[PDB]
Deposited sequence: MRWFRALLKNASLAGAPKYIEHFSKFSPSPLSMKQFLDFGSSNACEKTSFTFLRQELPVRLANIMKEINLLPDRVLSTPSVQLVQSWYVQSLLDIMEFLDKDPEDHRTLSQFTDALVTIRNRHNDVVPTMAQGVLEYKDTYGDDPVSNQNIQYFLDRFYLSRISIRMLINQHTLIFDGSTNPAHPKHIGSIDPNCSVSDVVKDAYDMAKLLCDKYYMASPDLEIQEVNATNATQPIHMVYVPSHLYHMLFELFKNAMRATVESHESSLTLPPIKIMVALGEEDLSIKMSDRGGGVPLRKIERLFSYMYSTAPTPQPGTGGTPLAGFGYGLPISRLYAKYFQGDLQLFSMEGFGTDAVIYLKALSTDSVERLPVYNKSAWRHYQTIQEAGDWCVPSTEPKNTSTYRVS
C-alpha cells in the first residue's frame, strides 16, 4: 500500500496492546478461518507496529547498520501486506486463501531475522551502554509470538498436532532428536562429542512416561542450543576422545512444573560470569556455535509460555542448565513485552 502512511499506521496500532492467547485458546481451532482472520488481521498489525515502534528506539549507531534496516524493511512491508486485508469480505474463498498466501510470504520473508539482526549487532564502534540487550529480549519475544500466530494459521488451514502444537508431546523424544542434531554438528567439527543419558521422574505418575501440551519446535530449539553448548564445553575441557563425560538429562514432572535438567562436566563457569552468559554481546567462541545469542533467546522461548531457563555452574567441575515449563495447559499463557 501507500507506504507514507506507515508512520500513521504504527501510531494507530501502537495505541493498542497485545492480546495474549492461552493454550486453550490456541488449541480450540479444531474454531474456524474467519476466526483466525478476523482476529489475525487486527492482532498482527498490533503486534508488528508495537515492536517496530521499539525499532526506531535503537541506538543511532546500530539502527544505521545495514542488517538492521534490512529487518526493518521487512516489517514495513509485513504490516502493509496484512493492511491490504482490513476491509475485505471474511466470507469468500479467496479472501481466506489470499490471507494464508500473504502469511506464507511474511514467514518466509523473515526467516533470517536473527542471523541478520545478529549482523547489525556484530558489526556495530564500541562498548559502555549495551542497551541492545533490553530491546532484543523484547524484540525476540514478540518475534516468537508472531511466528506462533502465523504458523498456526498457515499450518491449520493450508502425531496429531493442532498447528505447531503437539497435545501429547514426548519430552524424551524431543530431547533425543535434539541430541542427535546437536551431536552431528559436534562430530562434524571436533570429530568427538559426549554421550547422552536420559532420566525421568514422574511425580504425578510414578511409572508413566512424561508427555505434555507444548510446541515441540520451541522445546527442540532450547534443547538443541543447550546441547551444543554442553558438547562444546565438554570437548574443550578434556584431552582424550575416548573418555569424554556423557551429558546427563533429567526430566521431572511435578504438579505445577515440568523440569528438564541438562548436566555437563564441561568445567563450569565462575559465579562471576554466569549473568554474562546471556549477553547478546557475549560468546567465548571463535567468531563467524559462536554468535552468542543461543542462551538469551532460548530463555525467551522458555518465558514465552510462562517458563524460564536458568544456568547453575560449579567452576572446575561442570554446569547445570534447567528448563522450567508449566505442567498444566491451564497455566501455559502467552508472555509478551509490556502491552
_What are the C-alpha gaps when you align the coordinates back onto the deposited sequence?_
1 to 10, 41 to 43, 138 to 143, 178 to 184, 315 to 323, 375 to 407
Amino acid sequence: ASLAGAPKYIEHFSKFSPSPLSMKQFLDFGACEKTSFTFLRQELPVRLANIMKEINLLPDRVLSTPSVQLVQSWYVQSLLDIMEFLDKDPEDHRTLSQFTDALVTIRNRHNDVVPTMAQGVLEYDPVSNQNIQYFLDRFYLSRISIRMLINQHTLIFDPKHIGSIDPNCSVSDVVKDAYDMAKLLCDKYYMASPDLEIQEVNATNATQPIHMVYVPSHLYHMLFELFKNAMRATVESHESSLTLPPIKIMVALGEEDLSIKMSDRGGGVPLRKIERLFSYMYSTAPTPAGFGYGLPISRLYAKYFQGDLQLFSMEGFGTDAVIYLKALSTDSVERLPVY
From here on, numbers count along this sequence of modelled residues.
*As stated in the PDB record, which stretch has the larger average Cα B-factor, 239 to 247 or 85 to 93?*
85 to 93
*Can you let me know which of the two, 1 to 9 or 328 to 336, has the higher average C-alpha B-factor in the entry?*
1 to 9
_Candidate residues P270, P59, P296, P45, the one whose C-alpha B factor the record puts highest_ = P59
*Which of these has the highest Cα B-factor in the record: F278, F291, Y301, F312?*
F291
*asked:* Quick check on the deposited entry: does the C-alpha B-factor of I132 sit in the lowest, middle or highest third of its chain?
replied: highest
_Quick check on the deposited entry: does the C-alpha B-factor of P159 sit in the lowest, middle or highest third of its chain?_
highest
*State the tercile, meaning the lowest, middle or highest third, of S22 with respect to the CA B-factors recorded for its chain.*
middle
*Would you mind ranking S263 by its C-alpha B-factor against the rest of the chain and naming the third, lowest, middle or highest?*
lowest
*Please rank the C-alpha B-factors of the chain's modelled residues and tell me whether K188 sits in the lowest, middle or highest third.*
highest
